[PDB]
Structure formats: structure tokens, C-alpha cells
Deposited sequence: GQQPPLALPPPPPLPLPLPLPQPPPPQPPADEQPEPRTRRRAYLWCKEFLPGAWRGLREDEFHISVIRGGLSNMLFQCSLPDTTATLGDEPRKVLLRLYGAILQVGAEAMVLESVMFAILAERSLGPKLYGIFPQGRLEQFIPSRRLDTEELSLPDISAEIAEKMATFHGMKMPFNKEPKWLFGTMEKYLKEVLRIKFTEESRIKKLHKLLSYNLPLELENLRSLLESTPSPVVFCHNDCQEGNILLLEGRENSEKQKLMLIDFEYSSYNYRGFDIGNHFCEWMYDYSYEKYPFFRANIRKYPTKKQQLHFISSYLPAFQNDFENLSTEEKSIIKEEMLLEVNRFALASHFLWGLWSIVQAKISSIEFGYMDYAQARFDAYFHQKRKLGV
């Protein structure tokens, strides 16, 4: 693996990289795993660059999808909305290394942080991409996962019991009820991230005192044309889930951590002028009509966030070997789904 990494960096990267020896190669693990492993690759600090080649890069090893992912990543790189792309090959890619950390769950609620996520998401949403513009993604995905879910058979008792509790809700009928609520909820179709969680938002080192330009959104692998309401509602759902809990089930869920109407309004108040550059010049009461209906829009689409990820999580409980309480997480999402219906009175 060291040898393979060396060879990619040597052949894809220009300048000092082109004549680097194996023994001069510096690599270390950024992330392990069975898929999307990450490595930091660098020049000896004693090595001069010959030009504007990077001193350090990120290697991503994978471990239509591939074609679309790659075209998407390249376009974002060209537009300065994602890491630059230095090299692409069957088994992975080389990207810009961005010194940074990810946001913690508790930081999503900080006013400056949420204001900037809103601005960044709005920008993302206004971009033109060469992808199918028809919003079949949301329900096509849920239908895909539901089919799988109804075929699952566990052998171990605890998983058997957890599954039968979830199935007892009549998921097919419940998905038809959700389709109906969303049928009557107008929402623009935009280019959505679909996974805007803290773990996919970088706090960029050097600018943690910058007020409006300290973040970058990454990991656009679930991205697609989709209802705007899904992206924002999904993001609001993620204020409640903390994935860094060190004991089983490896997440904490807190329903009271969902943004208040006042926190929701602060977010959409940054989103709207960013998406519609003239918005601020509208009559104050058209502004209020817009905001109130959008609030209803995103809180209805938040239900699809629960439903989609709950179903996904049940499929993972069968096919993934990652250490995570997938069945416990699906139940957390379905608990939130029903609570949010009771909140909305639906």
C-alpha cells in the first residue's frame, strides 16, 4: 500500500514529486476502514518545490456511480467549491489536503456557524450540474430501501425483535401517507448535498476568527437534484444526533436539540438573500409569508429525512460490519418521525 501510494503520487503530481524516491516518501493514515480510506501524502520538509505543486495531498482509496461522482468532484474543484483534484485512477484519487477539523454536533447551533452553513447551502443549490433534473431521488431511494428491508431475515434474537418492532408500524402504508403529505408541499428542485451533517463540514484552520468565511462543505456522494426542503430539513434533523459517543450504540439522540422556531428562522434568514439576491428588497409582509411557508416546507420534509435514514439504517444492520448500533439508530429515527408528526399535527 505504501508502494502503491508512492507510485500514484510520483506519476500524477508535478514538480518535486516527479523525481521522488520511495525512501523519501512520507505517508500516514488519516482514516482506516474497508472503504474510502484516507492517507496524507507529503514531501520531505527538506525538499524544495520547483513551482506551485502541493507539498501535501490527500489520497482516497475506494476500497455510473463512479462516473457521476468523479465528474461532480471535478466540476466543484474547477469552481473552487471543493478540494482541487490532482489525479484520478481506478482505485482512487488524489485531492488537495485542507488543514481543518470537522464540526462537532454542538457547534451546528452557534449563530455564526448556522448562518454560514445556510449561505454555503444556498450557493450549492443555485449551481447548474449536468445531472438529471427530475426529483425522483427522494422516493426512488426510500422505495429501494423499503424493498430490501421487507426481505431481511436476522438470525440473532435482539436484531429479530428490533426488526419486528419497526415492521409492526406498517412501513409500506406509512410511506404512502408520507408521499401524500409531501405531494401537497411545494418545494423547489435544486442541486442538493443530501447529507449536510457536522461530519461533512470542515472548519478551516487559520480563519476561526473570520465571521462568514470559515467553513467548507464536503463529501458530495449522495448529492442529486432533489427538493430544497429535504436538504434543509435533513440538516435541522442532524442537530439532534451525535455520532461520537464511545459506547454502544455509538450515537446519542436528543429530540430537544432540534432547532427552535427562532433558530430555524435565523438559518432561513441567511439562506434566502443568498439564494435570491434581491430578496431583501421585498415587502416585509411578503418576506414573512415566504419565511412562514418555508418553515412549514422544511419541517414536513424533515419527516422524509427520518424515514429515509431509518430505512437505510435497517439495510446497514444486515450488510455492514462497522461498529454502530444500526437497529437502535433506525428506531431513534422512527421515534423522531412520529414525534415530529405529533408536533406538526399530521
| query | finding |
| --- | --- |
| Stretches of the record's deposited sequence for which the structure holds no C-alpha atoms | 1-37, 101-107 |
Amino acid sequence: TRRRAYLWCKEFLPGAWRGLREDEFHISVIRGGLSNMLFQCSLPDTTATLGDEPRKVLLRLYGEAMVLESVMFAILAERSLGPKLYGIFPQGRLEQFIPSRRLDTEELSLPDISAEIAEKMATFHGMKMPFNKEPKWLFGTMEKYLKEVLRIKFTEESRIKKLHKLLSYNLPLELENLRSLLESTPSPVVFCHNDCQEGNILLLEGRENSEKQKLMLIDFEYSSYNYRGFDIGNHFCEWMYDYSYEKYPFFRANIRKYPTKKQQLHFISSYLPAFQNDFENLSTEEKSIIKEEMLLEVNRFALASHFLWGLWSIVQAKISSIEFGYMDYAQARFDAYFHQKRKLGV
From here on, numbers count along this sequence of modelled residues.
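Heads up, when I say rigid core I mean the largest set of C-alphas that superpose within 1.5 Å between the two forms.
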{"query": "258-266 against 152-160 - segment lying farther from this form in 8 other deposited structures of this protein (CA RMS, rigid core fit)", "finding": "152-160"}
{"query": "Stretch farther from the shown model on average in 8 other deposited structures of this protein, with CA RMS computed after core superposition (3-11, 335-343)", "finding": "3-11"}
{"query": "Mean temperature factor over C-alpha atoms, higher-scoring stretch between 129-137 and 204-212", "finding": "204-212"}
{"query": "Of 234-242 and 264-272, the stretch whose C-alpha atoms average the higher B-factor in the entry", "finding": "264-272"}
{"query": "Highest-ranked of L296, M66, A302, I314 once sorted by CA temperature factor in the record", "finding": "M66"}
{"query": "Cα B factor band for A330 (lowest, middle or highest third within the chain)", "finding": "lowest"}
{"query": "Third assignment of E183 from its chain's C-alpha B-factors", "finding": "highest"}
{"query": "Position of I75 among the chain's modelled residues by C-alpha B-factor, lowest, middle or highest third", "finding": "lowest"}
{"query": "CA B-factor ranking of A336, expressed as a third of its chain", "finding": "lowest"}
{"query": "Ranked against its chain, the third holding the CA B-factor of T155", "finding": "highest"}
